[PDB]
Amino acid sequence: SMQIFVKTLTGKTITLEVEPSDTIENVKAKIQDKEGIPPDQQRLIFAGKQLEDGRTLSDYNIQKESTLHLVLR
């Protein structure tokens, strides 16, 4: 039942419920439910790296209570 956090540029904090197997595309689908940003307009960054829609959270060692950064495009 793992939680992660997404911070927008103006400091909003979105809490997501994810599994380490979830893909980044999944995470954007969850963010869309909460914020109303279509997945194609979302950039997610973690530890400096842009995250790719095909990889999973585990593929990036993103664990419980990690913070991802959300920027638009």
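Numbering starts at 1 and runs along the sequence shown.
Undergrad: C-alpha B factor of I24, ranked within the chain: lowest, middle or highest third?
TA: Lowest third - that is where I24 ends up once the chain's C-alpha B-factors are sorted.
Undergrad: How does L68 rank on Cα B-factor within its chain, lowest, middle or highest third?
TA: It falls in the middle third of the chain.
Undergrad: For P38, return the chain-relative third of its C-alpha B-factor as stated in the PDB record: lowest, middle or highest.
TA: For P38, the deposited C-alpha B-factor lands in the middle third.
Undergrad: Consider only the C-alpha atoms of the modelled residues in this chain, order them by B-factor as the entry records it, and name the third containing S58: lowest, middle or highest.
TA: As the PDB entry reports it, the C-alpha B-factor of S58 lands in the highest third of its chain.
Undergrad: Going by the entry, which third of its chain does the Cα temperature factor of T15 land in?
TA: As the PDB entry reports it, the C-alpha B-factor of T15 lands in the middle third of its chain.
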